[PDB]
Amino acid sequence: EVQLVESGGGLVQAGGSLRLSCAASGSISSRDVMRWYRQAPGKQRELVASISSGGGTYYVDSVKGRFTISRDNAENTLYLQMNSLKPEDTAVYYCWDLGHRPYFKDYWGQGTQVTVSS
């Protein structure tokens, strides 16, 4: 079993920037794939960014060139660098992890609110 604790959310104005952090404690691994999802209010949860064990990345079209997902395996930390924030970036951001070590399972954070003022 694994815990994900997201942090860094808050109030930023459009064109601004911030780093989200997710601290992963428990049965983690550099072989686990990790992700950032977000849910705008009464919209559907969407995939933002994805990082494989091999450090290979996918980004949803609306954040390509603005957001960067990276991992620090030593510190069990996942990062999202968000540049050139837009009001539609406003959402709860959730950290996500696909565990394989004990069993095959995915884990969710509780999320961190990002608010982009115009």
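We number the residues from 1 along the sequence you see.
*Asks:* Looking only at CA atoms, which has the higher mean B factor in the entry: 79-87 or 42-50?
*Replies:* Comparing averages over the C-alpha atoms only gives 42-50.
*Asks:* Averaging only over Cα atoms, indicate whether 99-107 or 19-27 has the higher B-factor in the PDB entry.
*Replies:* Looking at the record's C-alpha B-factors, the answer is 99-107.
*Asks:* What's the residue among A74, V92, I69, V60 with the greatest CA temperature factor in the PDB record?
*Replies:* If I rank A74, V92, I69, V60 by C-alpha B-factor, first place goes to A74.
*Asks:* Lowest, middle or highest third: which one holds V2 when the chain's residues are ordered by CA B-factor from the entry?
*Replies:* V2: CA B-factor falls in the highest third of its chain.
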